[PDB]
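Rule-based calculations on the coordinates, nothing more; no lab input. For neighbour counting, all protein chains shown are included, and Cβ atoms are generated from backbone atoms with ideal geometry for every residue, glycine included.
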Amino acid sequence: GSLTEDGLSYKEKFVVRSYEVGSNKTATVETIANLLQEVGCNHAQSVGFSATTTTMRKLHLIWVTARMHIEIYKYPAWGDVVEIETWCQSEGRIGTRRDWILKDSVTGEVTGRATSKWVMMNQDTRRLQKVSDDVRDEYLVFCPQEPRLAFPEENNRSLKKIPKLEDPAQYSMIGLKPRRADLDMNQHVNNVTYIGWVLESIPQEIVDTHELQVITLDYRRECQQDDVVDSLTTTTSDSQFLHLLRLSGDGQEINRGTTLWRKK
Amino acid sequence: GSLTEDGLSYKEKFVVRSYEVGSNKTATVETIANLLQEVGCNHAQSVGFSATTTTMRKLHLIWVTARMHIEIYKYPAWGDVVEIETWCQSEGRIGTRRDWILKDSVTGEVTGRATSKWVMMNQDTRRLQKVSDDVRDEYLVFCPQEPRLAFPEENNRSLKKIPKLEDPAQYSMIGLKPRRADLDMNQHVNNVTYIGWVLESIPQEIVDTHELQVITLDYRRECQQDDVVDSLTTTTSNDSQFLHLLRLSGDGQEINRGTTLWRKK
Ligand SMILES: COc1ccnc(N2CCNCC2)n1
Ligand SMILES: COc1ccnc(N2CCNCC2)n1
């Protein structure tokens, strides 16, 4: 992988692996989500990062994901090369936004796109902060200054409010626990695990006959290594679903989201 | 990746990914196990498979893993290039063997090695069988004819008998279930998931202070998408040795048995 000529975005090719594909012999949405995360880490490293930006390290500040939105048109097949282009942008003092475009390396056509909103947080108190200058000046040297949006459309799926699932849920997967493979190098549950846990309550009949076109996910609280999660789903309709991840015990909300599926 | 000059083995370089590493910023043993599986699939495809032969497809036969043995000296760090060389060999009518050598792409030194025994099974009845003559000739064209062993040694840990864990276990992880990411393209639980499930009963203190040097795993029965697994461990020992057992949560049916060896960091 490498930064583009202007140094304001980063590109990387990935060959789809055998264990990365599902029953259709195409990459799973979790494989896609891991590749977005990977190209994002390489972009951050190529422009001199740890995630932290020097002034975040002096203030014990970290970036946490608030939202993740992914729209796939075609899933790359096992053995295909997929090229992902990523870039960052400041959103005033709200937070930071990371966007991605996925292309077929052979045809050069867009096969998917993604967007994510990150909020500032103190890693000790776990308290959300607003982007207090300085960080915003150091982010301006690596970001495009004119807006560059993977989802430009006025009134689009990536910025819609997500409601809370009402009990009883139509479908459920109870007792989900993270194992060591679900943790990252800092022992926190990978943001991709939440996507997998959300999809666990989708019936196998929907998976076998439909393709996941869109997924939007809100992140409210992190799941601990020793926490148990319940995944809840309800059809709201193409097939549309409303999702909710909560702690098995007290019912504390950790995630909420929506998925859109089309018949194959 | 590509086959070697003689066409009797296959090589592939892999750059270690951010989500593939643990607390030490080095690849997990499950990442290593996925890369061995990946280079094995590419070797099989490069020599005209898809991993059944023509005779196996005609008879509804598949290869199932009976044993997986991995010995790591150095785990590649996040961002490093690792090169894996793999090859197959016929073991008469018993089954087949797949071997791997892992090297640091920069220094060219061996940083790990692995071996796996595969047995023939009818896809429908699930009954094991000895390799027929037609199958032995079909892969003798892709295998070295003189023995080539990743673990040559007189009495190596790769061929040792594994005993059955006695109740009560010292450590345990109960209620392990596979999710969709644990399934392969044919909807069967990935062999690497079993490794992860085995390691779930190892205490977090051992993981934090030791490095996994060796792991040997016996496969007896497959875990279904709707099956629940219990992982059991007992210390059998500066080095730490463990005895492991995976069994179905309900009836206590054995699915796996194994041993791990760890050294202090
Ligand atoms: C804004 O999204 C997120 C995501 C993950 N954790 C959190 N906080 C919320 C404040 N308490 C600590 C955890 N917020
Ligand atoms: C020897 O290795 C394995 C691995 C997985 N399943 C099996 N069988 C044994 C026979 N019954 C069906 C399952 N054997």
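Points to keep in mind about this one:
- Convex hull per residue volume in Å³, alpha carbons only, for the stretch A:204-264: 94
- Cα gyration tensor shape for the stretch B:79-144, rounded if a/c is under 1.5, else prolate or oblate: prolate
- Viscosity 0.692 mPa s, 37 °C: Kirkwood-radius Stokes-Einstein D of the stretch B:102-238 over Cα pairs, µm²/s: 176
- Using θ = phi - 60° and Karplus 6.51 cos²θ - 1.76 cosθ + 1.60, couplings along the stretch A:154-164 (whole Hz; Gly, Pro as x): 6, 6, 10, 3, 6, 10, 7, 6, 9, x, 9
- Per-residue ³J(HN,Hα) for the stretch B:257-263, Karplus 6.51 cos²θ - 1.76 cosθ + 1.60, θ = phi - 60°, Hz, x for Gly and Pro: 9, x, 9, 10, 10, 10, 10
- Fraction of C-alpha pairs exceeding 17 angstrom in the stretch A:189-234: 37 percent, rounded to a whole number.
- Only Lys, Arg, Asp and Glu carry charge here, each on its Cβ (+1 for the first two, -1 for the last two); on that basis the protein assembly as shown has a dipole of about 460 debye about its Cα centre.
- Cβ crowding within 10 Å averaged over residues, with B:174-184, B:200-210, A:195-205 ranked highest first: A:195-205, B:174-184, B:200-210
- Taking amide H as placed 1.01 Å from N in the peptide plane, the amide H of B:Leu183 sits under 5 Å from that of B:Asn190, each at least 5 places away or on another chain.
- Calculated P(r) of the protein assembly as shown - Cα pairs past 35 Å, %: 38
- Antiparallel DSSP beta bridges within chain B, as percent of all bridges there, nearest 5: 100
- With the charge dipole of chain A set up from +1 on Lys and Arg Cβ and -1 on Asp and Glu Cβ about the Cα centre, the Cα lying farthest toward the positive end among the listed residues A:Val16, A:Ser46, A:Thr125 is that of A:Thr125.
- Rounded to the nearest whole angstrom, the semi-axes of the ellipsoid equivalent to chain A, taken from the Cα gyration tensor as √(5λ), stand at 28, 24, 17, largest first.
- Cross-link table A:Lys117/B:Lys74; B:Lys13/B:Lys74; A:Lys117/A:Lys264; B:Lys160/B:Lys264; A:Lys264/B:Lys13; A:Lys103/B:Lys74, entries beyond 27 Å C-alpha to C-alpha: A:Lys117/B:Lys74; A:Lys117/A:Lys264; A:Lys264/B:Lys13; A:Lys103/B:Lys74
- With R₀ fixed at 41 Å, the C-beta to C-beta distance from A:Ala77 to B:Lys164 puts the FRET efficiency at about 0.45.
- Taken residue by residue and averaged, Cβ atoms of other chains lying within 10 Å of the Cβ of A:20-33 number 2.
- Inter-chain Cβ neighbour average for residues B:58-65, partner chain, 10 Å: 0
- For the stretch A:22-50 and the stretch B:181-207, distance of Cα centres in Å: 22
- Globularity ratio of the stretch A:21-134, using Cα Rg and 2.2 N^0.38 Å: 1.22
- Set of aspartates and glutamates near B:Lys11 by C-alpha distance (under 17 Å), chain-local residues within fewer than 8 positions excluded: B:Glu38, B:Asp80, B:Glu83, B:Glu85, B:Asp99, B:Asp104, B:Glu109
- Charged-residue dipole, Cβ positions (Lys, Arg, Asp, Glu), chain A about Cα centre, Debye nearest 20: 320
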